[PDB]
Amino acid sequence: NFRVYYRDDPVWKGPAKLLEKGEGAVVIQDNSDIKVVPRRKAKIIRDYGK
Amino acid sequence: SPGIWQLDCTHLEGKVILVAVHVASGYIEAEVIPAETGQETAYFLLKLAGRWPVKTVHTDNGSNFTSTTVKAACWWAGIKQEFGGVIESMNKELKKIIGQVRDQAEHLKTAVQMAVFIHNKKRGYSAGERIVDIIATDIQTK
Amino acid sequence: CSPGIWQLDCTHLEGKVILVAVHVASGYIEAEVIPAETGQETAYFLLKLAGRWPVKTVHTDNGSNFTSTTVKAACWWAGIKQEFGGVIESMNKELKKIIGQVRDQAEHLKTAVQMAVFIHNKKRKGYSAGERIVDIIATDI
Amino acid sequence: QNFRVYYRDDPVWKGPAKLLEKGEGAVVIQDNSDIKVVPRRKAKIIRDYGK
Ligand SMILES: Cc1ccc(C2CC2)c(-c2ccc3c(c2)CCCO3)c1[C@H](OC(C)(C)C)C(=O)O
Ligand SMILES: Cc1ccc(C2CC2)c(-c2ccc3c(c2)CCCO3)c1[C@H](OC(C)(C)C)C(=O)O
Ligand SMILES: [Cl-]
Ligand SMILES: [Mg+2]
Ligand SMILES: [Mg+2]
């Protein structure tokens, strides 16, 4: 699955649930709150190593 | 277990040495990192995970080891983190070898890697031979 | 071939220097982004590599960093024989290909480099390169 | 146990040179066909530790 880390405050928050990866913004959910974050403030990470 | 590592930082000459030990063998890798931060720790872990089958890393509660960038690296690479004496014993041993060889190199980091080599190659098996044997056995027997 | 034989070469992306080492018999690789393509950076890379693996021979082209005095010193101290003059060049291309596949997942080029190293070393044909180097070296003990 | 000497004159390092003699303040070395006296601080005497 995916986890999204994101910024607002320079500390990276998350993991949040990924909902949509847009060109300029990312839609996520973090603790039941829906958030829209700019692409540059989001880090979308897979569990590649399982 | 073949997949268990301990990581910790130690200091010499105002510089930060990040040390990884393969607990079952005593094998070590180390880097002088420019700052004792989560970002530098996370990059080190990604390199380590590409070389060996890193399944669990044990650390103390230093803020670099509990940082979000390290959690991200561990999630990507499939590493489980556990928190809270092998590496602390290993810190002292490495500093001892470093002090024995320090005047042979200009840079502290050169002495650090000389000491790592010396530690890993010393024999009737060395730590470098033991980690390769432990991991290959796990593979060769499913 | 010999379990002790490695090839090293530099490649370049985004204006940065990537130093790559390949264990010829397994395909296993290690890489680092170095700040300058110098003998001193190459020598330091070799000291680290020699501490991890039984490095007996390193094969390179005649790039001035590989023929430098500092690298000679490192190889002398570590017990490494140097030979000069297509495995690593094939590996450079494959590494650059994986980097491109994952590049937008990391801010820093060096982060994507290490992700690509991990991907290459862990992929099974049916052993992975990371399994073959450990299998080859343990058997040769 | 074998030794080679690397040294400066020019900030580029030279060598390997054969170690002829080590004194308290200088090393005497032979780089190809020239014998040189080099201050200790400008020389690195390196053993083939890996062996
Ligand atoms: C800074 C420097 C300059 C010159 C040398 C060699 C004389 C040729 C070495 C060197 C090169 C290799 C070497 C040792 C020393 C000592 C024994 C182990 O192998 C180093 C070295 O710095 C690096 C970054 C490694 C180049 C250092 O810190 O003195
Ligand atoms: C610069 C930066 C910031 C934040 C992160 C994480 C969101 C918390 C990562 C990161 C951390 C771990 C990680 C990946 C990315 C991508 C997948 C592999 O694991 C990186 C990262 O820089 C390093 C130097 C590695 C910290 C980068 O260049 O984006
Ligand atoms: Cl003298
Ligand atoms: Mg600590
Ligand atoms: Mg080249």
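Below, all heavy atoms of this structure are taken into account, side chains as well, without hydrogens, waters or symmetry copies. In listed order, ligands and their atoms are each counted from 1. In what follows, chains are A, B, ... by sequence order, proteins preceding strands, each numbered from 1.
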> Got more than 12 heavy atoms from elsewhere within 6.0 Å of NZ, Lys15(B)?
Replying inline: no
>> For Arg46(A), I'd like to know if atom CZ has over 12 heavy atoms of other residues, nucleotides or ligands within 6.0 Å.
In response: no
> Can the ring centroids of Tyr6(D) and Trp76(C) be said to lie less than 6.0 angstrom from one another?
Replying inline: no
> Taking non-hydrogen atoms only, is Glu106(B) closer than 4.0 angstrom to ligand 1 via side chain, backbone, both or neither?
Replying inline: both
>> Is the contact between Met114(B) and ligand 1 made by the side chain, the backbone, both, or neither, using heavy atoms and a 4.0 Å cut-off?
In response: side chain
> Is a side-chain donor-acceptor pair under 3.5 Å present for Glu82(B) with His58(B)?
Replying inline: yes
> Can you list the atoms of ligand 1 that are under 4.0 Å from a heavy atom of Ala74(C)?
Replying inline: 12 (C), 19 (O)
> Any idea which protein heavy atom is nearest atom 8 (C) of ligand 1, and the distance to it?
Replying inline: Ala73(C) CB, 3.5 Å
> When you check the side-chain N and O atoms of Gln7(C) and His23(C), is any donor under 3.5 Å from an acceptor?
Replying inline: no
> What protein heavy atom sits nearest atom 16 (C) of ligand 1, and how far away is it?
Replying inline: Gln104(B) O, 3.9 Å
> Quick one: nearest non-hydrogen protein atom to atom 21 (C) of ligand 1, plus distance?
Replying inline: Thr110(B) OG1, 3.7 Å
> Where is the nearest protein heavy atom to atom 2 (C) of ligand 1: which residue, which atom, and how far?
Replying inline: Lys44(D) NZ, 3.1 Å
>> Of all the N, O or S atoms in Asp61(C), which has the shortest distance to the Mg ion (ligand 5)?
In response: OD2
> Purely on distance, is any nitrogen or oxygen of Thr69(C) under 3.5 Å from one on ligand 1?
Replying inline: no
> Heavy-atom contacts under 4.0 Å between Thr70(C) and ligand 1: side chain, backbone, both, or neither?
Replying inline: both
>> Using 2.8 Å as the threshold, say whether any N, O or S atom from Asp9(C) sits that close to the Mg ion (ligand 5).
In response: yes
> Just checking, is any N or O donor in the side chain of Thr67(C) or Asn62(C) under 3.5 Å from an acceptor N or O on the other one?
Replying inline: no
> In terms of heavy-atom contacts, does NZ of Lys36(D) have more than 12 from other residues, nucleotides or ligands at under 6.0 Å?
Replying inline: yes
